[PDB]
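**Student:** For reference, the structure I am asking about is given below.
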Number of protein chains: 2
Amino acid sequence: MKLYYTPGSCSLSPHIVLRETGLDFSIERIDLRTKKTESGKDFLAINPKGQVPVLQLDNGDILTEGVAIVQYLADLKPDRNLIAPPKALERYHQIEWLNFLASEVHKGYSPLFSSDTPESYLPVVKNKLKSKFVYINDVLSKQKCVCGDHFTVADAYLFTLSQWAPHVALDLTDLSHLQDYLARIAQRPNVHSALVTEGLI
Amino acid sequence: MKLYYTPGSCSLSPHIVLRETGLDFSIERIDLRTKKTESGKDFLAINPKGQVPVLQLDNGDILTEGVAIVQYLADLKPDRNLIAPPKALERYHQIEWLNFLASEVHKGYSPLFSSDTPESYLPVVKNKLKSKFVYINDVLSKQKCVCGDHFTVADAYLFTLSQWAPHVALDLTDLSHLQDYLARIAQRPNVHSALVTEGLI
Ligand SMILES: *SC[C@H](NC(=O)CC[C@H](N)C(=O)O)C(=O)NCC(=O)O
Ligand SMILES: *SC[C@H](NC(=O)CC[C@H](N)C(=O)O)C(=O)NCC(=O)O
């Protein structure tokens, strides 16, 4: 399969996941300003929504939306346990966390990246985002990973989303349980490996 | 089980779904301004995130996040086909749509409901939201429901989210394929039934 991505963006999540699954995949950069693939092709014809990540399956089908992507993957290599079996309870709490990250944290960043966002509304947005991380912090002071004890697709997404913190001037240094957790993920082989391949580290 | 909700909010989605599943459930209103249940209990102790919907399962476990909720439900009564089996492809496109609705449409409304949102940033936000509906419109001019031919948990969520349009002054009247689709859902028994129980219709 082929994962379309942009270095440092949210596609980093499924990237980290692709490695942990130890699968066969090809990646291809996307230029978000021109909406063109590094090979010079029209990206809107691949994904009308014009964002990354996007995943091309071996049968030509396209899967958009990070949370959908990381789940399709993790659900192919159960043995690695990046998820929980479907219909199971643990899984439902995982989907719940993925939705929270996608809608409350991920989308909470959006305005800090827009040029048309009133510089005055910026401190307000930041505070909203911080509170979200303060909560995640709490969750961590009791368990290893956000969705339990073992590393899951939801930890990849949270890691990716916290990488943007610096670039937007969001100090999460105080969140000790989060930091130690972040530090513990930056060490994982395939995380460090996927990070290098992207031009960071 | 007990579904915590607020009339007209996003909890309307899992409400509509609870009926379609023809299950045994009890509902309880939540006062969002005081963060108290209609019985006068502290809602933050039920859901630290302080929002609806929230679902209490028969074993006392709490499931937050709409998309997680509507999936746990639909996955209990397969025969009705409100989803697709797990691991299946159709399902993955469903989770993808649920994420889109949750993060791009649902969260796209958020600012139009905040008081601290600069009245000037408002037309900008509206336009962002409209474009999302314009896309959904396109998708509809080819298929019956958003995720295929049959009615799914994702249609309940989209219906609920379009109900807010008027209250924020968002004209989606031009979107003919969407409207006819909306009109066709407002007719469904359990939709109309769940809508009445909530004080609308
Ligand atoms: S993180 C980079 C941007 N992607 C998304 O916002 C994905 C949103 C989906 N709802 C999801 O995958 O969860 C992106 O590519 N933005 C495009 C741009 O032009 O900035
Ligand atoms: S729609 C009403 C509000 N709920 C949510 O925003 C749910 C967000 C979750 N990410 C989800 O379920 O998808 C709500 O209850 N807001 C609380 C308030 O005080 O307004």
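Simple scheme: letters A, B, ... for chains in structure tokens order, numbers from 1 for residues in each chain, numbers from 1 for ligands in the order shown.
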Using all C-alpha atoms paired in order, least-squares fit chain B onto chain A and give me the moved copy as a short mmCIF file (atom, residue, chain, number, x, y, z; two decimals) with C-alpha atoms, in the first residue's frame.
**Tutor:**
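Writing the result to out.cif gives the following:
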data_model
loop_
_atom_site.label_atom_id
_atom_site.label_comp_id
_atom_site.auth_asym_id
_atom_site.auth_seq_id
_atom_site.Cartn_x
_atom_site.Cartn_y
_atom_site.Cartn_z
CA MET B 1 0.00 0.00 0.00
CA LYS B 2 0.93 3.66 -0.43
CA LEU B 3 0.64 6.21 2.35
CA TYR B 4 0.48 9.83 1.14
CA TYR B 5 2.02 12.20 3.68
CA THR B 6 3.67 15.52 4.53
CA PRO B 7 6.65 15.62 6.92
CA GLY B 8 5.72 16.49 10.47
CA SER B 9 1.99 16.65 9.85
CA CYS B 10 -0.66 14.32 11.26
CA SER B 11 0.25 11.63 8.71
CA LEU B 12 3.13 10.95 11.10
CA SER B 13 0.69 8.92 13.19
CA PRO B 14 -0.15 6.27 10.53
CA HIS B 15 3.51 6.34 9.52
CA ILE B 16 4.62 5.34 13.00
CA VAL B 17 1.90 2.69 12.90
CA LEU B 18 2.91 1.28 9.54
CA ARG B 19 6.37 0.45 10.92
CA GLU B 20 5.14 -1.04 14.21
CA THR B 21 3.05 -3.37 12.09
CA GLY B 22 6.22 -4.26 10.19
CA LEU B 23 4.38 -4.15 6.87
CA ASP B 24 5.18 -3.59 3.24
CA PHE B 25 4.37 -0.02 2.23
CA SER B 26 5.56 2.83 0.02
CA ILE B 27 5.33 6.47 1.03
CA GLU B 28 4.97 9.53 -1.16
CA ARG B 29 5.26 13.17 -0.19
CA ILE B 30 2.42 15.65 -0.77
CA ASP B 31 2.94 19.38 -1.26
CA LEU B 32 0.07 20.96 0.71
CA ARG B 33 0.47 24.43 -0.82
CA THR B 34 0.10 23.28 -4.43
CA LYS B 35 -2.00 20.20 -3.63
CA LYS B 36 0.42 18.16 -5.72
CA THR B 37 2.23 14.88 -5.16
CA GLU B 38 6.03 14.96 -5.21
CA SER B 39 5.70 13.32 -8.62
CA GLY B 40 3.65 16.31 -9.79
CA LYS B 41 0.18 14.75 -9.85
CA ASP B 42 -3.18 16.29 -8.88
CA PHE B 43 -3.80 15.29 -5.24
CA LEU B 44 -7.42 16.45 -5.28
CA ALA B 45 -8.25 13.61 -7.63
CA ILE B 46 -6.89 11.20 -4.99
CA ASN B 47 -8.52 12.90 -2.05
CA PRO B 48 -11.19 15.51 -2.82
CA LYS B 49 -10.82 16.67 0.81
CA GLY B 50 -7.23 17.68 0.01
CA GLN B 51 -5.49 16.66 3.24
CA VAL B 52 -3.16 13.99 4.55
CA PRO B 53 -3.04 11.29 5.65
CA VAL B 54 -4.50 9.23 2.83
CA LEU B 55 -3.91 5.50 2.31
CA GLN B 56 -4.00 3.55 -0.91
CA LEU B 57 -4.75 -0.12 -0.43
CA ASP B 58 -3.45 -2.85 -2.70
CA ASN B 59 -6.81 -2.96 -4.50
CA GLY B 60 -6.78 0.71 -5.45
CA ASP B 61 -9.23 1.77 -2.77
CA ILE B 62 -8.59 4.99 -0.89
CA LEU B 63 -8.95 5.34 2.89
CA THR B 64 -8.96 8.89 4.25
CA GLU B 65 -9.09 10.16 7.86
CA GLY B 66 -6.29 9.29 10.26
CA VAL B 67 -8.40 7.42 12.81
CA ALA B 68 -9.91 5.23 10.05
CA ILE B 69 -6.43 4.60 8.62
CA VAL B 70 -4.62 3.59 11.85
CA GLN B 71 -7.49 1.19 12.58
CA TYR B 72 -7.49 -0.52 9.19
CA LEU B 73 -3.78 -1.13 9.66
CA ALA B 74 -3.70 -2.33 13.29
CA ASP B 75 -6.62 -4.64 12.37
CA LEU B 76 -4.44 -6.52 9.84
CA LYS B 77 -1.70 -7.56 12.26
CA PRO B 78 -3.56 -8.48 15.50
CA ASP B 79 -0.63 -10.38 17.04
CA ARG B 80 1.23 -7.07 17.58
CA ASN B 81 -1.72 -5.82 19.65
CA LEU B 82 -1.94 -2.20 18.56
CA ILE B 83 -5.70 -2.42 19.09
CA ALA B 84 -8.27 -4.66 20.77
CA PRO B 85 -10.45 -7.12 18.89
CA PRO B 86 -13.62 -5.61 17.43
CA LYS B 87 -16.85 -5.97 19.43
CA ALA B 88 -14.60 -6.08 22.53
CA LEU B 89 -14.94 -3.48 25.27
CA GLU B 90 -11.32 -2.31 25.46
CA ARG B 91 -11.64 -1.52 21.76
CA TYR B 92 -14.64 0.75 22.28
CA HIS B 93 -12.68 2.82 24.78
CA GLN B 94 -9.92 3.01 22.18
CA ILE B 95 -12.24 4.35 19.47
CA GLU B 96 -13.47 6.82 22.09
CA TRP B 97 -9.91 8.04 22.69
CA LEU B 98 -9.17 8.23 18.97
CA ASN B 99 -12.30 10.38 18.51
CA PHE B 100 -11.28 12.66 21.38
CA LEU B 101 -7.81 13.13 19.95
CA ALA B 102 -9.20 13.69 16.45
CA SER B 103 -11.95 16.16 17.37
CA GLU B 104 -10.85 17.86 20.60
CA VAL B 105 -7.06 17.90 20.38
CA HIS B 106 -6.22 17.65 16.68
CA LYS B 107 -8.94 20.09 15.59
CA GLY B 108 -8.09 22.20 18.62
CA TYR B 109 -4.80 23.06 16.93
CA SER B 110 -6.30 24.16 13.61
CA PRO B 111 -6.78 27.90 14.44
CA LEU B 112 -3.16 28.30 15.60
CA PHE B 113 -2.18 27.38 12.03
CA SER B 114 -4.58 29.66 10.17
CA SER B 115 -3.51 33.08 8.95
CA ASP B 116 -7.06 34.47 9.00
CA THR B 117 -7.36 33.72 12.74
CA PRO B 118 -7.61 36.98 14.76
CA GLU B 119 -4.38 37.29 16.72
CA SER B 120 -6.64 38.14 19.67
CA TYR B 121 -8.57 34.86 19.62
CA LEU B 122 -5.22 33.02 19.77
CA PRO B 123 -4.62 33.04 23.54
CA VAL B 124 -8.21 31.86 23.98
CA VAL B 125 -7.69 28.87 21.66
CA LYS B 126 -4.39 27.98 23.32
CA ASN B 127 -6.07 27.78 26.73
CA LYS B 128 -8.74 25.49 25.35
CA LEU B 129 -6.01 23.19 23.98
CA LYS B 130 -3.91 23.23 27.14
CA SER B 131 -6.86 22.06 29.27
CA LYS B 132 -7.18 19.06 26.97
CA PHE B 133 -3.53 18.12 27.59
CA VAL B 134 -3.95 18.73 31.35
CA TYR B 135 -6.67 16.04 31.29
CA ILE B 136 -4.52 13.61 29.29
CA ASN B 137 -1.83 14.29 31.89
CA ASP B 138 -4.21 13.15 34.65
CA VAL B 139 -5.09 9.98 32.75
CA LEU B 140 -1.37 9.20 32.49
CA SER B 141 -0.53 9.61 36.17
CA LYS B 142 -2.38 6.31 36.65
CA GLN B 143 -1.67 4.16 33.59
CA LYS B 144 1.19 3.59 31.15
CA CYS B 145 -0.45 4.43 27.83
CA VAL B 146 -3.61 6.49 27.23
CA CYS B 147 -5.75 3.45 26.38
CA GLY B 148 -4.32 1.01 28.88
CA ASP B 149 -0.96 -0.58 29.56
CA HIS B 150 0.29 -1.52 26.12
CA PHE B 151 1.23 0.83 23.27
CA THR B 152 -1.66 1.35 20.84
CA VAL B 153 -2.52 3.22 17.64
CA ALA B 154 -3.87 5.95 19.95
CA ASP B 155 -0.44 6.55 21.45
CA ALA B 156 1.03 7.23 17.99
CA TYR B 157 -1.62 9.88 17.33
CA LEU B 158 -1.16 11.54 20.71
CA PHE B 159 2.62 11.57 20.22
CA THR B 160 2.26 13.20 16.77
CA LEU B 161 -0.17 15.83 18.09
CA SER B 162 2.15 16.83 20.94
CA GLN B 163 5.02 17.33 18.46
CA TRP B 164 3.25 20.45 17.20
CA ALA B 165 3.14 21.99 20.67
CA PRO B 166 6.51 23.81 20.30
CA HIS B 167 5.74 25.18 16.82
CA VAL B 168 2.69 26.94 18.23
CA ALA B 169 4.29 28.08 21.49
CA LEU B 170 2.36 25.68 23.75
CA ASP B 171 4.23 24.85 26.95
CA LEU B 172 3.35 21.36 28.13
CA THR B 173 6.68 20.97 29.99
CA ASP B 174 4.91 21.00 33.37
CA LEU B 175 2.87 17.93 32.43
CA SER B 176 5.32 15.47 33.98
CA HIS B 177 3.32 12.27 33.46
CA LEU B 178 2.79 13.24 29.84
CA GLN B 179 6.46 14.14 29.25
CA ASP B 180 7.85 10.91 30.75
CA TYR B 181 5.28 9.15 28.57
CA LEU B 182 6.36 11.16 25.52
CA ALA B 183 10.03 10.51 26.30
CA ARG B 184 9.22 6.80 26.58
CA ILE B 185 7.66 6.78 23.07
CA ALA B 186 10.39 8.80 21.34
CA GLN B 187 12.64 5.89 22.29
CA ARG B 188 10.58 3.17 20.61
CA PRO B 189 12.55 1.84 17.60
CA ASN B 190 9.94 2.23 14.85
CA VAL B 191 8.95 5.62 16.20
CA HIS B 192 12.53 6.89 16.05
CA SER B 193 12.91 5.10 12.70
CA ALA B 194 9.76 6.68 11.17
CA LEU B 195 10.80 10.06 12.62
CA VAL B 196 14.22 9.93 10.90
CA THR B 197 12.70 8.94 7.55
CA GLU B 198 10.65 12.12 7.84
CA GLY B 199 13.52 14.53 8.37
CA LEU B 200 13.30 15.00 12.12
CA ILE B 201 15.80 13.73 14.75
#
**Student:** With DSSP run on the backbone, what are the strand (DSSP E or B) residues within range 46-167 of chain B? I'd like them as a list in words.
**Tutor:** residues 54, 55, 56, 62, 63, 64, 145 and 148 of chain B
**Student:** Given the selection you just returned, output its residues as a file containing N, CA, C and O atoms, formatted as a PDB file, in the first residue's frame.
**Tutor:**
ATOM      1  N   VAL B  54     -23.129  10.724  26.722  1.00  0.00           N
ATOM      2  CA  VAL B  54     -22.409   9.824  27.604  1.00  0.00           C
ATOM      3  C   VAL B  54     -23.328   8.609  27.711  1.00  0.00           C
ATOM      4  O   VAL B  54     -24.544   8.756  27.708  1.00  0.00           O
ATOM      5  N   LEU B  55     -22.762   7.410  27.765  1.00  0.00           N
ATOM      6  CA  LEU B  55     -23.588   6.214  27.865  1.00  0.00           C
ATOM      7  C   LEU B  55     -23.131   5.338  29.007  1.00  0.00           C
ATOM      8  O   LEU B  55     -21.943   5.046  29.148  1.00  0.00           O
ATOM      9  N   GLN B  56     -24.095   4.926  29.821  1.00  0.00           N
ATOM     10  CA  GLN B  56     -23.836   4.053  30.949  1.00  0.00           C
ATOM     11  C   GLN B  56     -24.284   2.674  30.521  1.00  0.00           C
ATOM     12  O   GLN B  56     -25.432   2.488  30.121  1.00  0.00           O
ATOM     13  N   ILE B  62     -18.702   3.549  31.748  1.00  0.00           N
ATOM     14  CA  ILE B  62     -19.067   4.740  30.995  1.00  0.00           C
ATOM     15  C   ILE B  62     -18.372   4.805  29.628  1.00  0.00           C
ATOM     16  O   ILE B  62     -17.162   4.556  29.516  1.00  0.00           O
ATOM     17  N   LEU B  63     -19.149   5.140  28.600  1.00  0.00           N
ATOM     18  CA  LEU B  63     -18.636   5.281  27.245  1.00  0.00           C
ATOM     19  C   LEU B  63     -18.899   6.705  26.786  1.00  0.00           C
ATOM     20  O   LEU B  63     -20.047   7.079  26.596  1.00  0.00           O
ATOM     21  N   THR B  64     -17.853   7.504  26.605  1.00  0.00           N
ATOM     22  CA  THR B  64     -18.049   8.872  26.135  1.00  0.00           C
ATOM     23  C   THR B  64     -17.721   8.959  24.645  1.00  0.00           C
ATOM     24  O   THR B  64     -17.262   7.989  24.046  1.00  0.00           O
ATOM     25  N   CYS B 145     -27.558   6.978   1.086  1.00  0.00           N
ATOM     26  CA  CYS B 145     -27.033   7.460   2.357  1.00  0.00           C
ATOM     27  C   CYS B 145     -25.552   7.799   2.194  1.00  0.00           C
ATOM     28  O   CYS B 145     -24.929   7.393   1.213  1.00  0.00           O
ATOM     29  N   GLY B 148     -23.246   4.634   1.854  1.00  0.00           N
ATOM     30  CA  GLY B 148     -23.757   3.550   1.046  1.00  0.00           C
ATOM     31  C   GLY B 148     -25.212   3.707   0.666  1.00  0.00           C
ATOM     32  O   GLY B 148     -25.693   4.811   0.394  1.00  0.00           O
TER      33      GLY B 148
END
**Student:** Give me, as a PyMOL selection string, the residues of range 75-161 of chain B that a backbone DSSP run labels helix (DSSP H, G or I).
**Tutor:** chain B and resi 78-80+89-113+122-140+153-161
